[PDB]
Amino acid sequence: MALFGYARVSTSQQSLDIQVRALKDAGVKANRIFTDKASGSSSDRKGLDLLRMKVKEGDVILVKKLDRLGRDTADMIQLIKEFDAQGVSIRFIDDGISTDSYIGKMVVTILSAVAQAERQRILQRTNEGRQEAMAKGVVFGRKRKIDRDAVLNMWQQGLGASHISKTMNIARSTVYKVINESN
Amino acid sequence: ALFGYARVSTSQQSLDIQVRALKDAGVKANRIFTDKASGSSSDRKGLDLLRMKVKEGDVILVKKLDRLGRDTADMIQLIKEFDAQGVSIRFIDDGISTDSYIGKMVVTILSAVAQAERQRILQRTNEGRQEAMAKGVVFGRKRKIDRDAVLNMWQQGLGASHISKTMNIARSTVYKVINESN
Amino acid sequence: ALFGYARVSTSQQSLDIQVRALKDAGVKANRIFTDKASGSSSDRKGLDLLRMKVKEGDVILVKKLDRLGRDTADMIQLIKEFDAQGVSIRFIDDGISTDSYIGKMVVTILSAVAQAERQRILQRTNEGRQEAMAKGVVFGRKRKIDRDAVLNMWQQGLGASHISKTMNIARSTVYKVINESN
Amino acid sequence: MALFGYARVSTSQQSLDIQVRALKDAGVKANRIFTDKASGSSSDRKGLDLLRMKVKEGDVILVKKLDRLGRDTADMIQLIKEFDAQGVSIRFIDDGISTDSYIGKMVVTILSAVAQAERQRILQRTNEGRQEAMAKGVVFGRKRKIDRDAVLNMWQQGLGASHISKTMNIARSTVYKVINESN
DNA sequence: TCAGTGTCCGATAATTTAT
DNA sequence: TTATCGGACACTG
DNA sequence: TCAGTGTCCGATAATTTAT
DNA sequence: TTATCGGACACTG
DNA sequence: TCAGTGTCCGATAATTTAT
DNA sequence: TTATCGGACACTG
DNA sequence: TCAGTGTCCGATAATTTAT
DNA sequence: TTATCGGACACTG
C-alpha cells in the first residue's frame with residue numbers, strides 16, 4: 001500500500017535530480033514525492049510537514065540515504081517517532097534499514113549518531129584549515145565589486161552623497177560605508 | 001561541584017542502595033537528588049530542581065545511565081540541556097562521562113541498544129503473561145475472605161446488610177461475592 | 001532442517017530451561033546439541049558435532065546470542081564458518097537471524113557492546129570481592145570439623161594418628177588443624 | 001613512551017604521501033614508520049608483521065583512518081588483540097578512538113562492522129553498474145595492443161610460427177592463441 | 001646437439017565499473 | 001575481467 | 001614385617017562476589 | 001578461593 | 001509638500017575552507 | 001565570513 | 001426521622017510475568 | 001490485573 005518518496009538538498013545546487021530519479025527508480029510515483037531546498041537556519045522544510053499530513057496507516061516513505069530525513073540525530077528520532085505514531089515506516093534505500101521494526105530503529109539511531117559525531121570532527125578540520133589560511137593572508141567572502149577608487153574621488157571633490165548613488169545605480173548607505181571605512 | 005541524581009521505577013526503596021553508590025563515590029547528601037516515579041512524566045521534579053541548582057564547572061554522577069533518561073530521545077535532550085549549560089554527566093557503573101565529544105556518541109549508542117533490548121523485554125513479557133493467563137494462572141490480589149461463609153448466609157436467606165456487619169466487611173463485598181458466585 | 005545448539009557456563013543444570021525454549025520453538029530432540037563448559041576452550045565438542053551434521057538449507061536456533069560465541073572474535077568465526085557452509089543462525093530471544101546481510105552487522109554490534117559490558121562486570125566484580133575480602137569477609141568452604149576438639153587432644157599430648165582415628169577424619173587434617181591454629 | 005606510525009595503500013598509487021605526512025605531522029619519527037603496498041590476494045603486509053616485533057609494553061601505534069589497520073573486521077580485532085597482548089594501544093587519528101581501553105575497543109569493533117557492511121553494499125552497486133555496461137556492449141580489460149590483422153596474414157601465407165614471434169619480439173604462445181582464437 | 005610444433009597456465013600488465 | 005609474456009611438458013623428427 | 005611422624009599435593013565439595 | 005580427603009615420599013625406628 | 005544628511009541593520013549575494 | 005541592497009528612524013532645514 | 005436494597009466507582013493493597 | 005474498602009446515588013418504603 002501507498003509508497004511515498006522524500007528527497008532533499010543542502011549543497012544549494014541541482015544535486016536534486018539524482019535523488020528523485022532514485023526514488024522513481026525504486027518504484028515511486030511523481031505524484032507522491034516531496035522535496036525541500038536549503039534556505040538557511042529557519043528553513044522549516046515545508047514539504048516534509050505536508051508529507052506527514054497526507055500519509056496513513058500502512059504507508060512507507062523512501063529516502064535515498066539517511067542524512068536526508070533531517071539533520072542531527074535528536075530531530076531524526078523525534079521525526080521517526082512522529083511517523084511511527086501515525087503507523088508509518090521508512091525505508092532508507094542506500095543505507096538499507098527500515099523504520100519497519102524495533103531492531104531497525106535502533107540501527108538508524110546508532111548509524112546516525114556515528115556520523116553526527118563524525119560530522120562534528122570534519123568541522124574541526126574544515127575550520128582549522130580555514131583559519132590557517134586566514135592568518136596566511138587569504139581574502140574571504142564576496143569580492144569588492146565596486147569601483148571604490150572612483151567614489152573616493154567624488155566625496156573628496158566636495159559633492160552631495162545621494163547624487164553619487166544616483167550615478168551608478170547603487171545604494172545610498174553603501175557610499176557612506178565605502179568612505180567612512182576607507183579613511 | 002559534585003552532584004548526584006538518582007531514580008527508582010519499581011516503586012521500591014531500592015533508592016537507598018543506589019544513593020549510597022554515589023555517597024561512596026564522593027558526593028555529599030546536600031548535593032543529591034532523587035525521584036519516585038509512579039504514573040506520569042512530570043514526576044522528575046527532583047531533577048527539575050537539580051537542572052537549575054547547577055552551574056558551569058559542575059559534574060553530575062549517575063549510577064547506571066538508564067536512570068537518567070528513559071527513551072534515548074529524552075536522554076539526548078537531558079544531555080543537550082546540561083551540555084550547553086556547561087555541566088557534564090559521568091556514568092559510574094557504565095564508565096563514561098559526556099566529557100569528551102566522543103563520550104556523547106557512546107552514550108547514545110550504548111543506550112539506543114539498551115532501549116532496543118528494553119522494548120524487546122516488554123513484548124516478550126506481555127506474551128509470557130498472556131500465555132500464563134490463558135493456561136489457568138489466577139491473577140491479582142489473593143482472595144482473603146471466607147467466601148463459602150457469606151454465601152451460606154444468603155442461601156439461608158438473610159438480608160445483605162446483616163452479613164457485612166457480622167464479618168465487619170464491606171457491603172459492596174457481600175453483593176460482589178454473591179453477585180459473582182452465581 | 002531445524003537445529004538447536006545450547007550452552008551453560010555457570011556449571012549448572014540451567015540447561016534444561018534453555019533446551020525447552022527451543023524444544024518449544026519447534027526443534028526436535030534428535031536435532032539439539034549442548035555443551036557443559038568447565039575449564040577449557042576445546043569443550044565445545046557438542047558443537048564440533050553440530051558443525052558437521054548440518055547441510056545447505058538448514059537453520060540453527062540459539063536462545064540468546066551470547067550462548068553461541070564467547071568473545072566477538074569467536075562469534076564471527078562461528079558465523080563465518082556456517083555462513084559459507086550455507087547454514088543460517090537465528091537468535092530466539094534477541095530476535096535476529098544471520099539471514100539478511102544486515103543481520104550480520106547487528107549480530108556483531110549487538111555483541112561487541114555486550115562483550116564490553118561483560119568485561120566491565122569482571123573488572124567490577126574483582127574489586128567488589130577484593131574489597132569485601134579485606135573488610136573482614138571469610139571466604140571459601142565453611143569449616144565443618146570441631147577444631148576446638150582436635151587441639152584439645154594435642155595440647156593434652158596425644159599422638160596425631162590416634163586423633164584422626166577417633167573422629168574418622170584425615171590425618172593431614174589433624175596436622176593442618178594444629179599446624180594452622182598456632 | 002615510544003610512538004610508532006603505520007600507513008597503508010590499496011589504490012595502487014602514491015596516495016601514500018598524504019598518510020605518512022599526517023603521522024609525522026602528529027608527532028611521529030621517520031625512523032618509526034612502516035608502510036605496505038597492495039600487491040594482490042596473498043600480500044602479507046610484510047611491514048606490519050615487522051611492526052608487531054619491535055614494539056614493547058608502553059608504546060602506541062598511530063593510524064590515519066581505520067581501514068588502514070587491516071581490511072575486514074575479523075582481522076581487525078585479532079590484529080588488535082595481538083597488540084593488546086603485548087600491551088600496546090592504537091590511536092586512530094581521524095576516527096578519534098584508541099585501543100587504549102575496554103570502551104574504546106568496542107567502538108572500533110562497532111565502527112568497523114558498520115562499514116564492512118556498508119562496503120558489501122557498494123560492491124553490489126559497483127557490480128550491478130558494471131554488468132549493466134557489459135550487456136550494453138562495453139569492452140572490458142586490456143586493449144588489444146597487437147597488430148592482429150598483420151599476424152593472421154603470416155599464417156595464411158603458410159609460414160613457421162616461431163619465425164613470426166621472432167619478427168615482432170613477441171611471445172610464441174600468443175601467436176598460436178591469436179589465430180586459434182580468431183578463426 | 002638440440003630443434004620446431006602444437007596445448008594448456010601461472011604471473012604480470014593494462015583496463016574498467018561506481019563510492 | 002581480458003591481453004601478453006615466459007616457460008614446462010609431451011611428441012616428433 | 002609393620003607402625004608413626006610430618007610435609008606436600010591432586011582430586012573433589014563447599015561458598016562467594018555481582019546481575 | 002578455602003577445606004577436607006586419601007594417598008605418595010623420606011625417615012624413624 | 002517633502003527634501004537631504006548622516007547612523008545603524010535585517011535580508012540577500014557572492015565567496016571561501018576541507019570531506 | 002564579507003559586500004551590497006533596501007529601507008526605517010532621528011534630525012534639520 | 002432513619003433503615004435497607006442493589007448498582008457503580010475511585011482509592012488503596014495485594015500479586016504476577018520476566019531479568 | 002483483581003479484591004476489598006468506604007462511600008455516592010436513586011428507590012423504597
# chains A, B, ... in the order shown; residues from 1 in each chain; ligands from 1
>>> residues_around(residues="range 119-131 of chain C", least_positions_apart="5", cutoff="12 Å", atoms="only C-alpha atoms (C1' of nucleotides)", output="MDAnalysis selection string")
(chainID B and resid 92:96) or (chainID C and resid 70:71 111:114 136:139) or (chainID D and resid 101:103 105:106) or (chainID G and resid 16:19) or (chainID H and resid 1)
>>> write_last_selection(atoms="N, CA, C and O atoms (P, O5', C5', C4', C3', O3' and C1' of nucleotides)", output="tab-separated table (two decimals), in the first residue's frame")
chain	number	residue	atom	x	y	z
B	92	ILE	N	28.66	6.26	36.51
B	92	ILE	CA	29.54	5.49	37.38
B	92	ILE	C	29.77	4.07	36.90
B	92	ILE	O	30.90	3.72	36.55
B	93	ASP	N	28.71	3.27	36.90
B	93	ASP	CA	28.83	1.85	36.61
B	93	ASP	C	29.31	1.64	35.19
B	93	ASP	O	30.26	0.88	34.96
B	94	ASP	N	28.65	2.33	34.27
B	94	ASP	CA	28.91	2.16	32.85
B	94	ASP	C	30.34	2.57	32.50
B	94	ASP	O	31.03	1.88	31.73
B	95	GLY	N	30.80	3.67	33.11
B	95	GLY	CA	32.16	4.15	32.93
B	95	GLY	C	32.31	5.02	31.70
B	95	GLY	O	33.16	4.77	30.86
B	96	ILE	N	31.44	6.03	31.60
B	96	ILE	CA	31.55	7.07	30.58
B	96	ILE	C	31.13	8.38	31.21
B	96	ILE	O	30.21	8.41	32.03
C	70	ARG	N	31.69	-16.53	22.49
C	70	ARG	CA	32.19	-16.05	23.77
C	70	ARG	C	32.58	-14.61	23.49
C	70	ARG	O	31.73	-13.71	23.54
C	71	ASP	N	33.85	-14.39	23.16
C	71	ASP	CA	34.28	-13.11	22.60
C	71	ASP	C	33.82	-12.99	21.15
C	71	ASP	O	33.69	-14.00	20.44
C	111	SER	N	26.65	-7.57	20.02
C	111	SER	CA	27.51	-8.35	20.90
C	111	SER	C	28.71	-7.58	21.39
C	111	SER	O	28.99	-7.57	22.57
C	112	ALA	N	29.45	-6.94	20.50
C	112	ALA	CA	30.66	-6.25	20.94
C	112	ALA	C	30.34	-5.21	22.00
C	112	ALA	O	31.24	-4.75	22.73
C	113	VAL	N	29.06	-4.84	22.08
C	113	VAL	CA	28.55	-3.90	23.09
C	113	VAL	C	28.15	-4.67	24.35
C	113	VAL	O	28.09	-4.11	25.44
C	114	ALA	N	27.86	-5.95	24.17
C	114	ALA	CA	27.69	-6.86	25.29
C	114	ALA	C	29.07	-7.14	25.85
C	114	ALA	O	29.34	-6.81	27.01
C	136	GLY	N	36.89	-7.98	55.97
C	136	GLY	CA	36.79	-8.99	57.02
C	136	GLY	C	36.02	-10.25	56.67
C	136	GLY	O	35.85	-11.14	57.52
C	137	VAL	N	35.55	-10.34	55.42
C	137	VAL	CA	34.69	-11.44	54.99
C	137	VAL	C	35.49	-12.72	54.83
C	137	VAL	O	36.45	-12.78	54.07
C	138	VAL	N	35.07	-13.75	55.55
C	138	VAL	CA	35.65	-15.08	55.44
C	138	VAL	C	35.27	-15.65	54.09
C	138	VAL	O	34.18	-15.37	53.59
C	139	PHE	N	36.15	-16.45	53.51
C	139	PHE	CA	35.90	-17.00	52.18
C	139	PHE	C	35.82	-18.52	52.11
C	139	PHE	O	35.92	-19.21	53.13
D	101	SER	N	41.60	1.40	25.91
D	101	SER	CA	40.76	0.87	26.99
D	101	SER	C	39.56	0.06	26.49
D	101	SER	O	39.20	0.10	25.31
D	102	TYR	N	38.93	-0.64	27.43
D	102	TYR	CA	37.80	-1.50	27.14
D	102	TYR	C	36.80	-0.83	26.21
D	102	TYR	O	36.53	-1.33	25.11
D	103	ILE	N	36.30	0.31	26.65
D	103	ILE	CA	35.19	1.02	25.99
D	103	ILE	C	35.55	1.45	24.59
D	103	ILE	O	34.70	1.46	23.70
D	105	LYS	N	37.82	-0.12	22.43
D	105	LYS	CA	37.90	-1.27	21.54
D	105	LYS	C	36.54	-1.58	20.95
D	105	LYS	O	36.42	-1.81	19.74
D	106	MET	N	35.51	-1.55	21.79
D	106	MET	CA	34.16	-1.79	21.34
D	106	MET	C	33.85	-0.86	20.18
D	106	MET	O	33.56	-1.31	19.08
G	16	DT	P	29.19	-18.16	51.19
G	16	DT	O5'	30.21	-16.95	51.42
G	16	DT	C5'	31.52	-16.97	50.82
G	16	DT	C4'	31.74	-15.90	49.74
G	16	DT	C3'	30.60	-14.94	49.41
G	16	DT	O3'	31.11	-13.64	49.14
G	16	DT	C1'	31.19	-16.11	47.46
G	17	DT	P	30.20	-12.35	49.39
G	17	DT	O5'	31.03	-11.23	48.65
G	17	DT	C5'	32.12	-11.62	47.83
G	17	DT	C4'	32.21	-10.72	46.61
G	17	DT	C3'	30.97	-9.87	46.36
G	17	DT	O3'	31.29	-8.68	45.70
G	17	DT	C1'	31.20	-11.51	44.63
G	18	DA	P	30.17	-7.55	45.65
G	18	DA	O5'	29.99	-7.17	44.11
G	18	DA	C5'	30.65	-7.87	43.06
G	18	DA	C4'	29.74	-8.10	41.86
G	18	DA	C3'	28.48	-7.24	41.86
G	18	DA	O3'	28.24	-6.67	40.57
G	18	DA	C1'	27.92	-9.46	41.48
G	19	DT	P	26.78	-6.21	40.11
G	19	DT	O5'	26.28	-7.42	39.18
G	19	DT	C5'	26.22	-7.16	37.79
G	19	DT	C4'	24.98	-7.76	37.15
G	19	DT	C3'	23.68	-6.96	37.24
G	19	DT	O3'	23.50	-6.07	36.12
G	19	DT	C1'	23.37	-9.35	37.63
H	1	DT	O5'	42.01	-17.69	44.93
H	1	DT	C5'	41.40	-16.73	45.82
H	1	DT	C4'	40.51	-17.37	46.87
H	1	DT	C3'	41.23	-18.42	47.70
H	1	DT	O3'	41.52	-17.88	48.97
H	1	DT	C1'	39.08	-19.20	46.99
>>> residues_around(residues="residue 7 in chain K", least_positions_apart="6", cutoff="10 Å", atoms="only C-alpha atoms (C1' of nucleotides)", output="number ranges by chain")
B: 172, 175; L: 9-10
>>> interface_residues(of="chain D", to="chain E", cutoff="10 Å", atoms="only C-alpha atoms (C1' of nucleotides)", output="list in words")
residues 119, 122, 123, 124, 125, 126, 127, 128, 129, 130, 131, 132, 133, 134, 138, 139, 140, 141, 142, 143, 144, 145, 160, 161, 162, 173 and 176 of chain D
>>> select_by_dssp(residues="chain D", states="helix (DSSP H, G or I)", output="ChimeraX atom specification")
/D:16-26,30-32,46-54,73-86,102-135,148-156,161-165,172-181
>>> atom_distance(atom1="CA of residue 97 in chain C", atom2="CA of residue 62 in chain C")
9.7 Å
>>> select_by_dssp(residues="range 45-182 of chain C", states="strand (DSSP E or B)", output="JSON, numbers by chain")
{"C": [59, 60, 61, 62, 88, 89, 90, 91, 96, 97]}
>>> closest_residue(among="D:94, D:36, D:72, D:59", to="residue 114 in chain D", atoms="only C-alpha atoms")
D:72
>>> residues_around(residues="residue 178 in chain A", least_positions_apart="3", cutoff="9 Å", atoms="only C-alpha atoms (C1' of nucleotides)", output="PDB file with N, CA, C and O atoms, in the first residue's frame")
ATOM      1  N   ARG A 148      35.617  51.538  -6.087  1.00  0.00           N
ATOM      2  CA  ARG A 148      35.779  52.380  -4.892  1.00  0.00           C
ATOM      3  C   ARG A 148      36.727  53.569  -5.077  1.00  0.00           C
ATOM      4  O   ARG A 148      36.487  54.651  -4.532  1.00  0.00           O
ATOM      5  N   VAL A 151      34.737  56.380  -6.238  1.00  0.00           N
ATOM      6  CA  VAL A 151      33.776  57.002  -5.331  1.00  0.00           C
ATOM      7  C   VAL A 151      34.469  57.870  -4.284  1.00  0.00           C
ATOM      8  O   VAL A 151      33.947  58.920  -3.904  1.00  0.00           O
ATOM      9  N   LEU A 152      35.644  57.441  -3.830  1.00  0.00           N
ATOM     10  CA  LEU A 152      36.514  58.300  -3.024  1.00  0.00           C
ATOM     11  C   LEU A 152      36.760  59.618  -3.749  1.00  0.00           C
ATOM     12  O   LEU A 152      36.845  60.676  -3.124  1.00  0.00           O
ATOM     13  N   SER A 173      23.441  54.160   1.451  1.00  0.00           N
ATOM     14  CA  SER A 173      24.239  53.750   2.605  1.00  0.00           C
ATOM     15  C   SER A 173      25.645  53.317   2.191  1.00  0.00           C
ATOM     16  O   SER A 173      26.628  53.788   2.763  1.00  0.00           O
ATOM     17  N   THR A 174      25.717  52.440   1.183  1.00  0.00           N
ATOM     18  CA  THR A 174      26.976  51.894   0.650  1.00  0.00           C
ATOM     19  C   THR A 174      28.044  52.975   0.459  1.00  0.00           C
ATOM     20  O   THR A 174      29.196  52.808   0.864  1.00  0.00           O
ATOM     21  N   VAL A 175      27.633  54.088  -0.133  1.00  0.00           N
ATOM     22  CA  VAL A 175      28.518  55.217  -0.388  1.00  0.00           C
ATOM     23  C   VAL A 175      29.085  55.790   0.912  1.00  0.00           C
ATOM     24  O   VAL A 175      30.268  56.141   0.982  1.00  0.00           O
ATOM     25  N   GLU A 181      34.655  53.960   5.803  1.00  0.00           N
ATOM     26  CA  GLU A 181      35.501  52.798   6.021  1.00  0.00           C
ATOM     27  C   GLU A 181      36.946  53.080   5.622  1.00  0.00           C
ATOM     28  O   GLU A 181      37.866  52.847   6.410  1.00  0.00           O
ATOM     29  N   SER A 182      37.132  53.602   4.410  1.00  0.00           N
ATOM     30  CA  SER A 182      38.461  53.714   3.791  1.00  0.00           C
ATOM     31  C   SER A 182      39.205  55.037   4.055  1.00  0.00           C
ATOM     32  O   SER A 182      39.951  55.526   3.197  1.00  0.00           O
TER      33      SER A 182
END
>>> atom_distance(atom1="CA of residue 90 in chain D", atom2="CA of residue 47 in chain D")
16.4 Å
>>> closest_atom_pairs(of="chain A", to="chain C", cutoff="9 Å", atoms="only C-alpha atoms", output="CSV")
residue,atom,partner,partner_atom,distance
A:96,CA,C:102,CA,8.0
A:97,CA,C:102,CA,8.2
A:103,CA,C:95,CA,8.2
A:107,CA,C:106,CA,7.7
>>> residues_around(residues="residue 4 in chain H", least_positions_apart="2", cutoff="12 Å", atoms="only C-alpha atoms (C1' of nucleotides)", output="tab-separated table (two decimals) with C-alpha atoms (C1' of nucleotides), in the first residue's frame")
chain	number	residue	atom	x	y	z
C	141	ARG	CA	34.22	-23.66	52.05
C	142	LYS	CA	32.79	-23.46	55.57
C	143	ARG	CA	34.92	-25.02	58.28
C	144	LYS	CA	32.90	-28.04	59.41
C	145	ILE	CA	35.07	-30.02	61.84
C	168	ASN	CA	37.29	-40.73	61.38
C	169	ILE	CA	38.95	-37.70	59.78
C	170	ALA	CA	42.01	-37.28	57.53
C	171	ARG	CA	45.47	-37.28	59.12
C	172	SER	CA	46.68	-34.34	57.02
C	173	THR	CA	43.65	-32.53	58.51
C	174	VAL	CA	44.83	-33.10	62.09
C	176	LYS	CA	46.68	-28.95	59.18
C	177	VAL	CA	44.36	-28.05	62.06
G	11	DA	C1'	41.05	-34.52	43.45
G	12	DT	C1'	36.62	-33.24	44.91
G	13	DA	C1'	32.76	-30.04	47.55
G	14	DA	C1'	31.77	-26.24	49.50
H	2	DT	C1'	39.44	-22.32	51.22
H	6	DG	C1'	43.18	-40.07	50.51
>>> decode(residues="chain I", atoms="N, CA and C atoms (P, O5', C5', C4', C3', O3' and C1' of nucleotides)", output="JSON list (two decimals), in the first residue's frame")
[["chain", "number", "residue", "atom", "x", "y", "z"],
["I", 1, "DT", "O5'", 0.54, 70.01, -0.97],
["I", 1, "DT", "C5'", 1.66, 70.23, -0.13],
["I", 1, "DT", "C4'", 2.91, 69.63, -0.75],
["I", 1, "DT", "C3'", 3.05, 68.12, -0.58],
["I", 1, "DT", "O3'", 3.57, 67.50, -1.78],
["I", 1, "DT", "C1'", 4.99, 69.15, 0.09],
["I", 2, "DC", "P", 4.06, 65.97, -1.83],
["I", 2, "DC", "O5'", 5.45, 65.95, -1.02],
["I", 2, "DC", "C5'", 6.68, 66.20, -1.70],
["I", 2, "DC", "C4'", 7.85, 66.67, -0.83],
["I", 2, "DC", "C3'", 9.11, 65.78, -0.90],
["I", 2, "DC", "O3'", 10.25, 66.52, -1.36],
["I", 2, "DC", "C1'", 8.88, 66.74, 1.14],
["I", 3, "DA", "P", 10.35, 67.46, -2.67],
["I", 3, "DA", "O5'", 11.20, 68.72, -2.17],
["I", 3, "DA", "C5'", 11.68, 68.84, -0.83],
["I", 3, "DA", "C4'", 13.16, 68.49, -0.66],
["I", 3, "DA", "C3'", 13.69, 67.20, -1.31],
["I", 3, "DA", "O3'", 15.10, 67.33, -1.56],
["I", 3, "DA", "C1'", 13.94, 67.01, 0.95],
["I", 4, "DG", "P", 16.07, 66.10, -1.92],
["I", 4, "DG", "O5'", 17.52, 66.79, -1.80],
["I", 4, "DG", "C5'", 17.81, 67.72, -0.76],
["I", 4, "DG", "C4'", 18.86, 67.23, 0.24],
["I", 4, "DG", "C3'", 19.70, 66.01, -0.15],
["I", 4, "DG", "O3'", 21.09, 66.33, 0.03],
["I", 4, "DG", "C1'", 18.79, 65.69, 2.00],
["I", 5, "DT", "P", 22.23, 65.34, 0.59],
["I", 5, "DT", "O5'", 21.96, 65.35, 2.17],
["I", 5, "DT", "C5'", 22.53, 66.36, 2.99],
["I", 5, "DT", "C4'", 22.94, 65.74, 4.31],
["I", 5, "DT", "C3'", 23.97, 64.61, 4.21],
["I", 5, "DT", "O3'", 25.15, 64.97, 4.94],
["I", 5, "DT", "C1'", 22.13, 64.01, 5.62],
["I", 6, "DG", "P", 26.54, 64.18, 4.81],
["I", 6, "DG", "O5'", 26.55, 63.28, 6.15],
["I", 6, "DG", "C5'", 26.35, 63.83, 7.47],
["I", 6, "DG", "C4'", 26.02, 62.77, 8.52],
["I", 6, "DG", "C3'", 26.76, 61.43, 8.38],
["I", 6, "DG", "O3'", 27.27, 60.84, 9.63],
["I", 6, "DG", "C1'", 24.46, 61.06, 8.48],
["I", 7, "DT", "P", 28.13, 59.46, 9.71],
["I", 7, "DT", "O5'", 27.49, 58.72, 10.99],
["I", 7, "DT", "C5'", 26.26, 58.03, 10.84],
["I", 7, "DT", "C4'", 25.70, 57.35, 12.09],
["I", 7, "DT", "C3'", 26.09, 55.89, 12.33],
["I", 7, "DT", "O3'", 25.95, 55.45, 13.71],
["I", 7, "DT", "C1'", 23.82, 56.03, 11.55],
["I", 8, "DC", "P", 26.58, 54.06, 14.26],
["I", 8, "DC", "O5'", 25.43, 53.39, 15.17],
["I", 8, "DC", "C5'", 24.03, 53.61, 14.96],
["I", 8, "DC", "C4'", 23.26, 52.39, 14.43],
["I", 8, "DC", "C3'", 23.95, 51.02, 14.30],
["I", 8, "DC", "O3'", 23.01, 50.04, 14.81],
["I", 8, "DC", "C1'", 22.87, 51.53, 12.30],
["I", 9, "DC", "P", 23.15, 48.44, 14.71],
["I", 9, "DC", "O5'", 21.63, 47.96, 14.50],
["I", 9, "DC", "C5'", 20.91, 48.36, 13.33],
["I", 9, "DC", "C4'", 20.15, 47.21, 12.66],
["I", 9, "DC", "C3'", 20.82, 45.84, 12.58],
["I", 9, "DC", "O3'", 19.82, 44.88, 12.33],
["I", 9, "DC", "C1'", 20.72, 46.72, 10.44],
["I", 10, "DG", "P", 20.04, 43.36, 12.74],
["I", 10, "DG", "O5'", 19.02, 42.59, 11.78],
["I", 10, "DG", "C5'", 17.60, 42.66, 11.96],
["I", 10, "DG", "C4'", 16.87, 42.43, 10.64],
["I", 10, "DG", "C3'", 17.03, 41.04, 10.02],
["I", 10, "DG", "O3'", 15.79, 40.58, 9.44],
["I", 10, "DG", "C1'", 17.98, 42.69, 8.56],
["I", 11, "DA", "P", 15.68, 39.13, 8.73],
["I", 11, "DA", "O5'", 16.10, 39.43, 7.21],
["I", 11, "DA", "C5'", 15.29, 40.28, 6.38],
["I", 11, "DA", "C4'", 15.74, 40.32, 4.92],
["I", 11, "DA", "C3'", 16.12, 38.99, 4.27],
["I", 11, "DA", "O3'", 15.70, 39.00, 2.92],
["I", 11, "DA", "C1'", 17.94, 40.43, 4.12],
["I", 12, "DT", "P", 14.91, 37.76, 2.29],
["I", 12, "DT", "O5'", 15.74, 37.45, 0.96],
["I", 12, "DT", "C5'", 17.14, 37.30, 1.02],
["I", 12, "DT", "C4'", 17.79, 38.03, -0.14],
["I", 12, "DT", "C3'", 18.59, 37.11, -1.06],
["I", 12, "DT", "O3'", 18.66, 37.60, -2.42],
["I", 12, "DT", "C1'", 20.04, 38.58, 0.06],
["I", 13, "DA", "P", 19.03, 36.64, -3.66],
["I", 13, "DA", "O5'", 20.40, 37.24, -4.23],
["I", 13, "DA", "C5'", 21.25, 38.06, -3.42],
["I", 13, "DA", "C4'", 22.57, 38.40, -4.09],
["I", 13, "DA", "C3'", 23.26, 37.30, -4.87],
["I", 13, "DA", "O3'", 23.95, 37.89, -5.97],
["I", 13, "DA", "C1'", 24.51, 37.79, -2.87],
["I", 14, "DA", "P", 24.69, 37.00, -7.07],
["I", 14, "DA", "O5'", 26.17, 36.87, -6.46],
["I", 14, "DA", "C5'", 26.91, 38.02, -6.12],
["I", 14, "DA", "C4'", 28.22, 37.67, -5.43],
["I", 14, "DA", "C3'", 29.09, 36.60, -6.08],
["I", 14, "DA", "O3'", 30.42, 37.09, -5.99],
["I", 14, "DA", "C1'", 28.81, 36.05, -3.85],
["I", 15, "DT", "P", 31.62, 36.46, -6.83],
["I", 15, "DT", "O5'", 32.64, 36.07, -5.64],
["I", 15, "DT", "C5'", 32.61, 34.76, -5.06],
["I", 15, "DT", "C4'", 33.36, 34.68, -3.74],
["I", 15, "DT", "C3'", 34.22, 33.42, -3.61],
["I", 15, "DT", "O3'", 35.62, 33.70, -3.57],
["I", 15, "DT", "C1'", 32.69, 33.63, -1.74],
["I", 16, "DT", "P", 36.65, 32.53, -3.93],
["I", 16, "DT", "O5'", 37.10, 31.89, -2.54],
["I", 16, "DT", "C5'", 37.53, 32.72, -1.47],
["I", 16, "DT", "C4'", 37.37, 31.96, -0.18],
["I", 16, "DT", "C3'", 37.99, 30.56, -0.24],
["I", 16, "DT", "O3'", 39.22, 30.53, 0.46],
["I", 16, "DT", "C1'", 35.77, 30.52, 0.72],
["I", 17, "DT", "P", 40.28, 29.36, 0.19],
["I", 17, "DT", "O5'", 39.93, 28.26, 1.29],
["I", 17, "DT", "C5'", 40.24, 28.49, 2.66],
["I", 17, "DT", "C4'", 39.62, 27.46, 3.58],
["I", 17, "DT", "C3'", 39.77, 26.02, 3.10],
["I", 17, "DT", "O3'", 41.08, 25.54, 3.42],
["I", 17, "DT", "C1'", 37.52, 26.44, 3.81],
["I", 18, "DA", "P", 41.52, 24.00, 3.23],
["I", 18, "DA", "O5'", 40.86, 23.36, 4.53],
["I", 18, "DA", "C5'", 41.31, 22.11, 5.02],
["I", 18, "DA", "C4'", 40.19, 21.09, 4.97],
["I", 18, "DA", "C3'", 40.46, 19.99, 3.95],
["I", 18, "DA", "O3'", 40.46, 18.70, 4.57],
["I", 18, "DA", "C1'", 38.24, 20.90, 3.73],
["I", 19, "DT", "P", 39.80, 17.39, 3.90],
["I", 19, "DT", "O5'", 38.62, 17.05, 4.93],
["I", 19, "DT", "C5'", 38.34, 15.68, 5.31],
["I", 19, "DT", "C4'", 36.93, 15.26, 4.91],
["I", 19, "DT", "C3'", 36.81, 14.01, 4.03],
["I", 19, "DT", "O3'", 36.50, 12.86, 4.82],
["I", 19, "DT", "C1'", 35.29, 15.80, 3.34]]
